[PDB]
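A.B. asks: Dropping in target_18.txt, with compact mmCIF, N, CA and C atoms.
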# COMPACT_ATOMS: atom_id res chain seq x y z
N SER X 201 19.36 228.15 45.61
CA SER X 201 19.45 226.69 45.53
C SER X 201 20.83 226.23 46.03
N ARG X 202 21.88 226.74 45.37
CA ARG X 202 23.28 226.40 45.67
C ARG X 202 24.23 227.44 45.03
N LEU X 203 25.49 227.44 45.48
CA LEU X 203 26.56 228.22 44.84
C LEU X 203 27.04 227.48 43.59
N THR X 204 26.81 228.09 42.42
CA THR X 204 27.15 227.53 41.10
C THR X 204 28.64 227.15 41.00
N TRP X 205 28.91 225.84 40.95
CA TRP X 205 30.25 225.30 40.69
C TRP X 205 30.57 225.30 39.20
N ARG X 206 31.82 224.96 38.87
CA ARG X 206 32.24 224.68 37.50
C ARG X 206 32.96 223.33 37.49
N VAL X 207 32.78 222.60 36.40
CA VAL X 207 33.56 221.40 36.12
C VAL X 207 34.94 221.83 35.54
N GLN X 208 36.02 221.37 36.18
CA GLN X 208 37.41 221.74 35.82
C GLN X 208 38.25 220.47 35.69
N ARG X 209 39.16 220.45 34.71
CA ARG X 209 40.04 219.29 34.46
C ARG X 209 41.12 219.17 35.56
N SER X 210 41.12 218.04 36.26
CA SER X 210 42.14 217.70 37.26
C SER X 210 43.26 216.89 36.57
N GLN X 211 44.38 217.58 36.23
CA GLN X 211 45.57 217.02 35.51
C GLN X 211 45.21 216.14 34.28
N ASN X 212 44.77 214.89 34.52
CA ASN X 212 44.38 213.94 33.47
C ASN X 212 43.07 214.38 32.78
N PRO X 213 42.88 214.05 31.46
CA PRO X 213 41.57 214.26 30.76
C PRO X 213 40.49 213.27 31.27
N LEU X 214 40.91 212.33 32.13
CA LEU X 214 40.05 211.28 32.70
C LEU X 214 39.59 211.63 34.12
N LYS X 215 40.02 212.81 34.63
CA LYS X 215 39.63 213.32 35.96
C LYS X 215 39.13 214.77 35.85
N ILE X 216 37.98 215.05 36.48
CA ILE X 216 37.38 216.40 36.51
C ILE X 216 36.88 216.74 37.94
N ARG X 217 37.46 217.80 38.54
CA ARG X 217 37.01 218.35 39.83
C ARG X 217 36.00 219.47 39.60
N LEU X 218 34.82 219.35 40.21
CA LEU X 218 33.84 220.42 40.25
C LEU X 218 34.18 221.36 41.41
N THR X 219 35.00 222.37 41.11
CA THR X 219 35.57 223.30 42.09
C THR X 219 34.48 224.20 42.72
N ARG X 220 34.69 224.58 43.99
CA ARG X 220 33.73 225.36 44.78
C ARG X 220 33.76 226.83 44.35
N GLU X 221 32.93 227.19 43.37
CA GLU X 221 32.90 228.55 42.80
C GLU X 221 31.72 229.36 43.32
N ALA X 222 31.94 230.68 43.42
CA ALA X 222 30.87 231.66 43.64
C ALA X 222 30.14 231.89 42.30
N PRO X 223 28.77 231.94 42.29
CA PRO X 223 27.97 232.21 41.06
C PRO X 223 28.42 233.49 40.30
N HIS W 1 10.58 198.39 -36.58
CA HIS W 1 11.45 198.02 -35.44
C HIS W 1 11.14 198.91 -34.24
N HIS W 2 10.74 198.27 -33.13
CA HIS W 2 10.50 198.95 -31.84
C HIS W 2 11.59 198.54 -30.84
N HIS W 3 11.64 199.20 -29.67
CA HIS W 3 12.70 198.95 -28.67
C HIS W 3 12.15 199.00 -27.23
N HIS W 4 12.54 197.99 -26.42
CA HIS W 4 12.27 197.93 -24.97
C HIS W 4 13.57 197.54 -24.25
N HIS W 5 13.81 198.13 -23.08
CA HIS W 5 14.95 197.80 -22.22
C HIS W 5 14.44 197.36 -20.85
N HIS W 6 15.13 196.38 -20.24
CA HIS W 6 14.75 195.80 -18.94
C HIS W 6 16.01 195.44 -18.13
N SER W 7 15.94 195.65 -16.81
CA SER W 7 17.02 195.35 -15.86
C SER W 7 16.47 195.47 -14.42
N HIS W 8 16.88 194.55 -13.52
CA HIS W 8 16.46 194.56 -12.11
C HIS W 8 17.71 194.67 -11.20
N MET W 9 17.95 195.88 -10.68
CA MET W 9 19.10 196.18 -9.82
C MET W 9 18.69 196.02 -8.34
N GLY W 10 18.51 194.75 -7.93
CA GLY W 10 17.98 194.41 -6.61
C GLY W 10 19.03 194.42 -5.52
N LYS W 11 19.07 195.50 -4.72
CA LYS W 11 19.98 195.61 -3.56
C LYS W 11 19.21 195.29 -2.26
N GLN W 12 19.83 194.46 -1.42
CA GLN W 12 19.28 194.05 -0.12
C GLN W 12 19.32 195.22 0.89
N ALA W 13 18.27 195.34 1.72
CA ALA W 13 18.23 196.30 2.84
C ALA W 13 18.80 195.65 4.11
N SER W 14 18.96 196.45 5.18
CA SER W 14 19.50 195.96 6.46
C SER W 14 18.84 196.70 7.64
N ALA W 15 18.34 195.92 8.61
CA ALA W 15 17.78 196.44 9.86
C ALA W 15 18.11 195.44 10.97
N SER W 16 18.87 195.88 11.98
CA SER W 16 19.39 195.02 13.04
C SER W 16 19.21 195.69 14.41
N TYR W 17 18.71 194.92 15.40
CA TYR W 17 18.47 195.42 16.77
C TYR W 17 18.98 194.38 17.77
N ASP W 18 19.42 194.84 18.95
CA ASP W 18 19.93 193.96 20.02
C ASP W 18 18.74 193.25 20.69
N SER W 19 18.90 191.96 21.00
CA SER W 19 17.80 191.12 21.50
C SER W 19 17.52 191.37 22.99
N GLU W 20 18.55 191.79 23.73
CA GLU W 20 18.49 191.96 25.20
C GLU W 20 18.65 193.44 25.59
N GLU W 21 18.52 193.74 26.89
CA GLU W 21 18.70 195.10 27.44
C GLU W 21 19.62 195.04 28.66
N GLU W 22 20.49 194.02 28.67
CA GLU W 22 21.36 193.70 29.81
C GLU W 22 22.45 194.77 29.98
N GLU W 23 23.04 194.82 31.18
CA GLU W 23 24.21 195.67 31.44
C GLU W 23 25.42 194.98 30.81
N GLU W 24 25.70 195.35 29.54
CA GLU W 24 26.76 194.75 28.73
C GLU W 24 28.12 194.82 29.46
N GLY W 25 28.42 196.01 30.02
CA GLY W 25 29.59 196.23 30.86
C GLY W 25 30.91 195.87 30.19
N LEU W 26 30.97 196.12 28.87
CA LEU W 26 32.16 195.86 28.04
C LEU W 26 33.36 196.70 28.54
N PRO W 27 34.63 196.19 28.39
CA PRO W 27 35.83 196.91 28.87
C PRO W 27 35.97 198.28 28.18
N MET W 28 35.54 199.34 28.89
CA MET W 28 35.46 200.69 28.34
C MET W 28 36.87 201.20 28.06
N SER W 29 37.13 201.51 26.78
CA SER W 29 38.45 201.93 26.31
C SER W 29 38.80 203.35 26.79
N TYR W 30 40.11 203.65 26.80
CA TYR W 30 40.70 204.90 27.32
C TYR W 30 39.99 206.16 26.75
N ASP W 31 39.73 206.12 25.43
CA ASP W 31 39.17 207.26 24.67
C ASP W 31 37.71 207.55 25.07
N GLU W 32 36.97 206.51 25.50
CA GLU W 32 35.55 206.64 25.89
C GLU W 32 35.40 207.35 27.24
N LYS W 33 36.45 207.26 28.08
CA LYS W 33 36.54 208.04 29.33
C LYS W 33 36.67 209.54 28.99
N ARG W 34 37.52 209.84 27.98
CA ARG W 34 37.69 211.21 27.46
C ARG W 34 36.40 211.68 26.79
N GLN W 35 35.73 210.76 26.08
CA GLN W 35 34.50 211.06 25.31
C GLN W 35 33.38 211.54 26.25
N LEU W 36 33.33 210.97 27.46
CA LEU W 36 32.42 211.43 28.50
C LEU W 36 32.84 212.82 28.99
N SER W 37 34.14 212.98 29.31
CA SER W 37 34.69 214.19 29.94
C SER W 37 34.26 215.48 29.20
N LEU W 38 34.59 215.58 27.90
CA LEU W 38 34.30 216.78 27.07
C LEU W 38 32.79 217.10 27.04
N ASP W 39 31.99 216.05 26.88
CA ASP W 39 30.52 216.14 26.71
C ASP W 39 29.80 216.40 28.04
N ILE W 40 30.42 216.03 29.15
CA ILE W 40 29.91 216.29 30.50
C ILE W 40 30.34 217.70 30.97
N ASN W 41 31.52 218.13 30.50
CA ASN W 41 32.08 219.46 30.82
C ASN W 41 31.24 220.60 30.22
N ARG W 42 30.42 220.29 29.20
CA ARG W 42 29.55 221.29 28.55
C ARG W 42 28.13 221.27 29.13
N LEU W 43 27.84 220.31 30.03
CA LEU W 43 26.53 220.23 30.73
C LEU W 43 26.46 221.32 31.84
N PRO W 44 25.29 222.01 32.01
CA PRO W 44 25.10 223.04 33.08
C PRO W 44 25.22 222.45 34.50
N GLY W 45 25.44 223.35 35.49
CA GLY W 45 25.65 222.97 36.90
C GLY W 45 24.52 222.13 37.50
N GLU W 46 23.30 222.33 36.99
CA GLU W 46 22.11 221.53 37.36
C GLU W 46 22.34 220.04 37.05
N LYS W 47 22.74 219.75 35.80
CA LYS W 47 22.98 218.36 35.35
C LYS W 47 24.21 217.78 36.02
N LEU W 48 25.23 218.64 36.22
CA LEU W 48 26.48 218.27 36.92
C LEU W 48 26.20 217.75 38.35
N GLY W 49 25.08 218.22 38.94
CA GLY W 49 24.62 217.74 40.24
C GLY W 49 24.25 216.25 40.23
N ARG W 50 23.55 215.81 39.17
CA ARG W 50 23.14 214.40 39.00
C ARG W 50 24.32 213.55 38.51
N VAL W 51 25.13 214.15 37.62
CA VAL W 51 26.33 213.52 37.04
C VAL W 51 27.28 213.04 38.15
N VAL W 52 27.53 213.92 39.14
CA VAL W 52 28.39 213.57 40.29
C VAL W 52 27.67 212.65 41.27
N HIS W 53 26.35 212.84 41.44
CA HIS W 53 25.54 212.14 42.46
C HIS W 53 25.59 210.61 42.29
N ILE W 54 25.52 210.16 41.03
CA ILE W 54 25.59 208.72 40.68
C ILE W 54 27.02 208.16 40.90
N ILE W 55 28.04 209.03 40.73
CA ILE W 55 29.46 208.68 40.96
C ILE W 55 29.73 208.54 42.47
N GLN W 56 29.09 209.42 43.25
CA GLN W 56 29.23 209.48 44.72
C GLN W 56 28.45 208.34 45.39
N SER W 57 27.43 207.84 44.67
CA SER W 57 26.68 206.65 45.09
C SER W 57 27.52 205.39 44.87
N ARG W 58 28.38 205.42 43.83
CA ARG W 58 29.34 204.34 43.52
C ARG W 58 30.57 204.44 44.43
N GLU W 59 30.98 205.68 44.73
CA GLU W 59 32.16 206.00 45.54
C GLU W 59 31.70 206.74 46.82
N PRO W 60 31.24 205.98 47.88
CA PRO W 60 30.70 206.58 49.12
C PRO W 60 31.78 207.29 49.96
N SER W 61 33.05 206.94 49.68
CA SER W 61 34.22 207.56 50.30
C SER W 61 34.28 209.06 49.96
N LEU W 62 34.19 209.37 48.65
CA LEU W 62 34.25 210.76 48.14
C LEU W 62 32.94 211.50 48.42
N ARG W 63 31.83 210.75 48.48
CA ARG W 63 30.48 211.27 48.79
C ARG W 63 30.48 211.99 50.15
N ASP W 64 31.00 211.26 51.14
CA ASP W 64 30.99 211.69 52.54
C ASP W 64 32.11 212.71 52.82
N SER W 65 33.26 212.56 52.12
CA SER W 65 34.44 213.41 52.34
C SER W 65 34.20 214.83 51.79
N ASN W 66 33.77 214.90 50.52
CA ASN W 66 33.54 216.16 49.79
C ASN W 66 32.16 216.16 49.11
N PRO W 67 31.15 216.83 49.72
CA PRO W 67 29.86 217.13 49.06
C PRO W 67 29.91 218.47 48.28
N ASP W 68 31.07 219.17 48.32
CA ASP W 68 31.24 220.49 47.69
C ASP W 68 32.10 220.42 46.42
N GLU W 69 33.30 219.80 46.52
CA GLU W 69 34.21 219.64 45.37
C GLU W 69 34.38 218.16 45.06
N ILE W 70 33.81 217.71 43.94
CA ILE W 70 33.72 216.29 43.60
C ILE W 70 34.56 215.98 42.35
N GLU W 71 35.50 215.03 42.49
CA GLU W 71 36.38 214.60 41.40
C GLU W 71 35.91 213.26 40.83
N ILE W 72 35.37 213.32 39.61
CA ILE W 72 34.94 212.12 38.87
C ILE W 72 36.16 211.51 38.17
N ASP W 73 36.59 210.33 38.64
CA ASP W 73 37.74 209.61 38.07
C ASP W 73 37.20 208.55 37.09
N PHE W 74 37.08 208.92 35.81
CA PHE W 74 36.50 208.06 34.76
C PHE W 74 37.34 206.80 34.51
N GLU W 75 38.67 206.93 34.61
CA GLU W 75 39.62 205.87 34.20
C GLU W 75 39.49 204.60 35.06
N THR W 76 39.24 204.76 36.37
CA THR W 76 39.06 203.62 37.29
C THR W 76 37.58 203.26 37.45
N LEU W 77 36.68 204.23 37.16
CA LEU W 77 35.22 204.03 37.26
C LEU W 77 34.74 202.88 36.37
N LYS W 78 33.77 202.13 36.90
CA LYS W 78 33.26 200.89 36.32
C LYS W 78 32.48 201.19 35.01
N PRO W 79 32.59 200.34 33.93
CA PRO W 79 31.83 200.55 32.67
C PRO W 79 30.30 200.52 32.87
N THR W 80 29.85 199.90 33.98
CA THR W 80 28.43 199.86 34.38
C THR W 80 27.97 201.22 34.94
N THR W 81 28.90 201.90 35.64
CA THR W 81 28.69 203.26 36.14
C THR W 81 28.63 204.25 34.97
N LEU W 82 29.67 204.19 34.12
CA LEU W 82 29.87 205.09 32.99
C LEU W 82 28.83 204.88 31.88
N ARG W 83 28.24 203.67 31.85
CA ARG W 83 27.04 203.35 31.05
C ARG W 83 25.95 204.41 31.27
N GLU W 84 25.74 204.78 32.54
CA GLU W 84 24.72 205.77 32.93
C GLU W 84 25.11 207.17 32.43
N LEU W 85 26.39 207.55 32.60
CA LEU W 85 26.92 208.86 32.15
C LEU W 85 26.77 209.01 30.63
N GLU W 86 27.06 207.92 29.92
CA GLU W 86 27.04 207.86 28.45
C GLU W 86 25.60 208.02 27.95
N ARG W 87 24.70 207.16 28.43
CA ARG W 87 23.29 207.14 27.98
C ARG W 87 22.57 208.45 28.37
N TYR W 88 22.97 209.04 29.53
CA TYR W 88 22.35 210.26 30.08
C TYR W 88 22.77 211.49 29.28
N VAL W 89 24.10 211.66 29.06
CA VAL W 89 24.63 212.82 28.31
C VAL W 89 24.12 212.76 26.87
N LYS W 90 24.03 211.54 26.33
CA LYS W 90 23.50 211.26 24.99
C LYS W 90 22.01 211.65 24.90
N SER W 91 21.30 211.45 26.01
CA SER W 91 19.88 211.82 26.16
C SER W 91 19.71 213.35 26.33
N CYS W 92 20.78 214.04 26.76
CA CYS W 92 20.81 215.52 26.88
C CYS W 92 21.12 216.17 25.52
N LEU W 93 22.02 215.53 24.76
CA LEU W 93 22.52 216.02 23.46
C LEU W 93 21.51 215.70 22.34
N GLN W 94 20.91 214.52 22.43
CA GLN W 94 19.95 214.00 21.44
C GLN W 94 18.58 213.85 22.09
N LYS W 95 17.51 213.98 21.28
CA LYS W 95 16.13 213.78 21.75
C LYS W 95 15.81 212.28 21.76
N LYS W 96 16.39 211.57 22.75
CA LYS W 96 16.34 210.09 22.85
C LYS W 96 16.20 209.67 24.32
Mind converting the file's structure to structure tokens?
C.D. replies:
Amino acid sequence: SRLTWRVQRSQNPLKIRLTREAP
Amino acid sequence: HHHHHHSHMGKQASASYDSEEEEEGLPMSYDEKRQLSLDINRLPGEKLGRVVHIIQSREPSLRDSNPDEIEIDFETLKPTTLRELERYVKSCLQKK
């Protein structure tokens, strides 16, 4: 389907980057 | 001599519902942005796909720039947008 990402905190608790992760 | 006792401890009940279903869009406080973050961070990658998709529909700049790494900025995001995140995550956590 896709390469499983993770939701990660970008500095502030009000910002989250879903980084490009390998499953 | 016989005895009878009587007393009526009548307490009122309460049931209240909102009359409308409008987009209230109230000024979403700082803590409610955090309240989404923790509860969205525990959602699986499947749900995270829809969670970002509605944000990227609101922010077409980030949609087109990065379809791989998506940064949801809750603090500037509209309370009408975050309304969806709130009701959706709540629908994932609760059978509602």
A.B. asks: Considering all atoms listed in the file, state which residue in the set X:210, X:215, X:204, X:220 is at the smallest distance from residue W:75.
C.D. replies: X:215
A.B. asks: Taking only N, CA and C atoms into account, produce a table as a Markdown table in which each residue of chain W with an atom at most 6.5 Å from an atom of chain X appears once, together with its shortest atom pair and the distance in Å to one decimal, ordered by chain and rising number.
C.D. replies:
| residue | atom | partner | partner_atom | distance |
| --- | --- | --- | --- | --- |
| W:33 | C | X:214 | CA | 5.3 |
| W:34 | CA | X:213 | C | 5.2 |
| W:37 | CA | X:213 | C | 6.0 |
| W:41 | CA | X:207 | CA | 5.8 |
| W:45 | CA | X:205 | C | 5.9 |
| W:68 | C | X:220 | CA | 5.5 |
| W:69 | CA | X:218 | C | 4.3 |
| W:70 | C | X:218 | N | 4.0 |
| W:71 | CA | X:216 | C | 4.1 |
| W:72 | N | X:216 | C | 4.1 |
| W:73 | CA | X:215 | CA | 4.7 |
| W:74 | N | X:214 | C | 4.1 |
| W:75 | N | X:214 | C | 4.8 |
A.B. asks: As an exercise, work out the distance from atom CA of residue W:25 to atom N of residue W:79 in Å and give it to one decimal place.
C.D. replies: 5.9 Å
A.B. asks: How many Å separate atom C of residue W:57 from atom N of residue W:94?
C.D. replies: 25.1 Å
A.B. asks: Provide the atom CA of residue W:22 to atom CA of residue W:46 distance in Å, to one decimal place.
C.D. replies: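 Interatomic distance, atom CA of residue W:22 to atom CA of residue W:46: 28.8 Å.
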A.B. asks: I need the residues in stretch 42-81 of chain W that are helix (DSSP H, G or I) according to DSSP; give them as an MDAnalysis selection string.
C.D. replies: chainID W and resid 45:58 60:65 79:81
A.B. asks: Could you give me the centre and size, in Å to one decimal, of an axis-aligned box around all listed atoms of stretch 40-55 of chain W with 6 Å added on every side, as JSON?
C.D. replies:
{"center_x": 27.1, "center_y": 215.8, "center_z": 35.5, "size_x": 22.0, "size_y": 27.2, "size_z": 25.9}
A.B. asks: Pull chain X out of the block and emit N, CA and C atoms, as a PDB file, in the first residue's frame.
C.D. replies:
ATOM      1  N   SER X 201       0.840  -1.196   0.000  1.00  0.00           N
ATOM      2  CA  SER X 201       0.000   0.000   0.000  1.00  0.00           C
ATOM      3  C   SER X 201       0.883   1.259   0.000  1.00  0.00           C
ATOM      4  N   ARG X 202       1.738   1.361   1.029  1.00  0.00           N
ATOM      5  CA  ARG X 202       2.642   2.500   1.233  1.00  0.00           C
ATOM      6  C   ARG X 202       3.746   2.132   2.241  1.00  0.00           C
ATOM      7  N   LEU X 203       4.812   2.952   2.280  1.00  0.00           N
ATOM      8  CA  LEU X 203       5.848   2.854   3.315  1.00  0.00           C
ATOM      9  C   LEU X 203       5.331   3.515   4.602  1.00  0.00           C
ATOM     10  N   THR X 204       5.155   2.700   5.652  1.00  0.00           N
ATOM     11  CA  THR X 204       4.628   3.126   6.952  1.00  0.00           C
ATOM     12  C   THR X 204       5.446   4.289   7.555  1.00  0.00           C
ATOM     13  N   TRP X 205       4.829   5.474   7.602  1.00  0.00           N
ATOM     14  CA  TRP X 205       5.385   6.653   8.284  1.00  0.00           C
ATOM     15  C   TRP X 205       5.124   6.596   9.795  1.00  0.00           C
ATOM     16  N   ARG X 206       5.723   7.545  10.519  1.00  0.00           N
ATOM     17  CA  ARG X 206       5.404   7.789  11.925  1.00  0.00           C
ATOM     18  C   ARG X 206       5.104   9.272  12.096  1.00  0.00           C
ATOM     19  N   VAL X 207       4.175   9.569  12.990  1.00  0.00           N
ATOM     20  CA  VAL X 207       3.924  10.932  13.441  1.00  0.00           C
ATOM     21  C   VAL X 207       4.986  11.309  14.509  1.00  0.00           C
ATOM     22  N   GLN X 208       5.707  12.410  14.268  1.00  0.00           N
ATOM     23  CA  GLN X 208       6.816  12.874  15.130  1.00  0.00           C
ATOM     24  C   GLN X 208       6.605  14.357  15.466  1.00  0.00           C
ATOM     25  N   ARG X 209       6.936  14.749  16.702  1.00  0.00           N
ATOM     26  CA  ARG X 209       6.795  16.140  17.165  1.00  0.00           C
ATOM     27  C   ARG X 209       7.862  17.050  16.527  1.00  0.00           C
ATOM     28  N   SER X 210       7.404  18.061  15.783  1.00  0.00           N
ATOM     29  CA  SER X 210       8.268  19.097  15.204  1.00  0.00           C
ATOM     30  C   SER X 210       8.360  20.280  16.189  1.00  0.00           C
ATOM     31  N   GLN X 211       9.478  20.343  16.957  1.00  0.00           N
ATOM     32  CA  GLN X 211       9.766  21.360  18.016  1.00  0.00           C
ATOM     33  C   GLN X 211       8.567  21.648  18.964  1.00  0.00           C
ATOM     34  N   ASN X 212       7.572  22.416  18.489  1.00  0.00           N
ATOM     35  CA  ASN X 212       6.368  22.769  19.259  1.00  0.00           C
ATOM     36  C   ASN X 212       5.456  21.537  19.456  1.00  0.00           C
ATOM     37  N   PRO X 213       4.682  21.462  20.594  1.00  0.00           N
ATOM     38  CA  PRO X 213       3.635  20.420  20.786  1.00  0.00           C
ATOM     39  C   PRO X 213       2.421  20.647  19.849  1.00  0.00           C
ATOM     40  N   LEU X 214       2.437  21.786  19.129  1.00  0.00           N
ATOM     41  CA  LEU X 214       1.362  22.205  18.218  1.00  0.00           C
ATOM     42  C   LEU X 214       1.716  21.887  16.752  1.00  0.00           C
ATOM     43  N   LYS X 215       2.901  21.289  16.522  1.00  0.00           N
ATOM     44  CA  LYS X 215       3.367  20.875  15.181  1.00  0.00           C
ATOM     45  C   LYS X 215       3.846  19.418  15.215  1.00  0.00           C
ATOM     46  N   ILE X 216       3.390  18.616  14.229  1.00  0.00           N
ATOM     47  CA  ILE X 216       3.782  17.205  14.087  1.00  0.00           C
ATOM     48  C   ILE X 216       4.100  16.876  12.607  1.00  0.00           C
ATOM     49  N   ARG X 217       5.362  16.474  12.335  1.00  0.00           N
ATOM     50  CA  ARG X 217       5.790  15.987  11.007  1.00  0.00           C
ATOM     51  C   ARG X 217       5.658  14.467  10.945  1.00  0.00           C
ATOM     52  N   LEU X 218       4.936  13.976   9.940  1.00  0.00           N
ATOM     53  CA  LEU X 218       4.882  12.553   9.633  1.00  0.00           C
ATOM     54  C   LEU X 218       6.080  12.202   8.739  1.00  0.00           C
ATOM     55  N   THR X 219       7.192  11.833   9.398  1.00  0.00           N
ATOM     56  CA  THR X 219       8.490  11.588   8.751  1.00  0.00           C
ATOM     57  C   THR X 219       8.453  10.340   7.845  1.00  0.00           C
ATOM     58  N   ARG X 220       9.251  10.375   6.764  1.00  0.00           N
ATOM     59  CA  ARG X 220       9.287   9.323   5.741  1.00  0.00           C
ATOM     60  C   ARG X 220      10.065   8.104   6.261  1.00  0.00           C
ATOM     61  N   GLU X 221       9.352   7.169   6.898  1.00  0.00           N
ATOM     62  CA  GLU X 221       9.969   5.988   7.522  1.00  0.00           C
ATOM     63  C   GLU X 221       9.777   4.732   6.668  1.00  0.00           C
ATOM     64  N   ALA X 222      10.765   3.832   6.760  1.00  0.00           N
ATOM     65  CA  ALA X 222      10.659   2.468   6.243  1.00  0.00           C
ATOM     66  C   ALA X 222       9.830   1.628   7.241  1.00  0.00           C
ATOM     67  N   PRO X 223       8.862   0.781   6.760  1.00  0.00           N
ATOM     68  CA  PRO X 223       8.040  -0.099   7.636  1.00  0.00           C
ATOM     69  C   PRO X 223       8.896  -0.970   8.600  1.00  0.00           C
TER      70      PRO X 223
END
